[PDB]
């Protein structure tokens, strides 16, 4: 018995193309590029013949395949994109089994309690030195695989460490005063609490809402204001902003302004309701899904790699032209790029031990009741890894991409497989270099970049991160921002209405009765670069115009002030794109005697206005609790437990436990293991072109080899000597 080709292949996730003239089917799926003619006894997979006992059968124009076609073809082995790992990499994320194992260990402990939730279950970082000897020398890690289990017992956080090898509990430590991040059940809880509240229902009714069941709530962190917001620091609270569901698939376009409920999650009740002036709910339908639009006509455009990919994925290790790296997922920060090396003519040179998103913040600038406290710690308070958005094949990533699946732990301790969690794709990026000497044959080569892309959606905002490995040693890190804007309901319909001026003091009027409140997206990346080795120093090279003292007609010259940045405190700074900042290896030089280095560029450009620091007066608390928002470059001594720019438990934090703390002691950065942190962001002043849905806006950052090599890096293998 057989099945219908088209339906089965689409279900499977493969692209199916029929060519009536050639009587040929082209099937595409990740690294597999297949050709199959109806009735043929053979098929082609990445340029290679594959025998078929059961040929594709074309009936009354319907094609049918055998029930094993999918596996016989796609898992044949002719697609060599994915290979089996022999010796398990020490940085491999916890498997579904280990996740279950770690949860059983803790649930067997005498102190564990039944409603306990899990904010994070991740592999406990094996020691850096052993992981590199494994990557570079293949030495086995002789330490037991362990896992960090962060639990939320009601509102109390407990940190445990389980030994997975020996299956035992190593520690159980309650962490006083820390608040846990927001977990998925919190969302349903806030909704129900709102729905059962008689007073809220009454507040909504006096705002024109008739059917209280149509109210959509959203749970937001409240921050910390030393009590001026009149909130008890010890309670587990969330503020609640609501919208009216009108059926256009976008409740975000119908804000109920000036109504804020404060919910205490352990008490399961609304403990406070702030109300302001009544503003009619914008009711116009504003769908962004295309339901009310005409589908244009566009001709097909496909990027194809008919013989397979240039990279190979073994376990979680990716090898691609001279680069080698390990890629894993973390429920809080998303992807982690590790043990990154560059093969230089046979020798693998270290470039970066571990790289990932650090954290990010989205601070709003309106003082009203529904906005003064909005300053979202996306990853820290919401868990971006858990909120990963599955890639939509050919739209969110190019058609020649390979989509990876990743597994992490959900809040109850159960393994969760996120489909299409990360896209990996090679891409043409113009000429690598070119020289057309006049009268001579031209010289040009193409530039290839290997992109690792991951998307996370937090409520209304969708963030995209691309880790870009250029064949020449360069590494780019870009962040894209799209989604739906958080808007303010207002009475003005046009800038000509009486309240226009005041309605738009904190934002642009992007639709009738709707204002896109100004805010910023500030991202921070934690990059543990190891420039050709562990011991590095921070070097400054500032281009300057100095008076000429060499004679001849010129009055000035272009020279450079070169100096080392010796400690953490002076390494914490603003970045002038006119200058050069390097992470050099004072122990190793290139062929010309210069220290092998990487130039750090926290600001390479963007399509939205740039944030030059957080837009807050120095006396605001969000400005105090968090220091990472004001400097674009930070450099700290390596430490296994310093990974978040906003600190480990930022929800209602009262003091900086992040980059402000990691550099507070101002340690020496001279010839030592350094860790680089880049902060870049946008200042978002809205426009009508961004509603109902926002076009993707991007920010770029770069890491370039500076005298790390001796010559143009992609010139090619030397034919002589």
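Residue numbers count along the first chain shown, from 1.
Could you check the entry and say whether 242-250 or 611-619 has the higher mean CA B-factor? Comparing 242-250 with 611-619, the higher mean C-alpha B-factor belongs to 611-619.
Could you check which stretch, 122-130 or 448-456, carries the larger mean CA temperature factor in the entry? Mean C-alpha B-factor is greater for 122-130.
Checking the entry, which one of 114, 77, 441, 367 has the top C-alpha B factor? Of the candidates given, the C-alpha B-factor peaks at 114.
If I read the C-alpha B-factors straight from the PDB entry, which of 462, 406, 570, 646 is highest? Answer, based on the entry's C-alpha B-factors: 570.
What third of its chain, lowest, middle or highest, does the C-alpha temperature factor of residue 697 fall into? CA B-factor rank for residue 697: lowest third.
Please rank the C-alpha B-factors of the chain's modelled residues and tell me whether residue 64 sits in the lowest, middle or highest third. Residue 64: CA B-factor falls in the highest third of its chain.
Lowest, middle or highest third: where is residue 420 by C-alpha B factor in its chain? Within its chain, residue 420 is a lowest-third residue by C-alpha B-factor, going by the deposited values.
Would you please rank residue 109 by its C-alpha temperature factor against the other modelled residues of its chain and give the third it falls in: lowest, middle or highest? CA B-factor rank for residue 109: highest third.
Chain thirds of CA B-factor: placement of residue 546: It falls in the top third of the chain.
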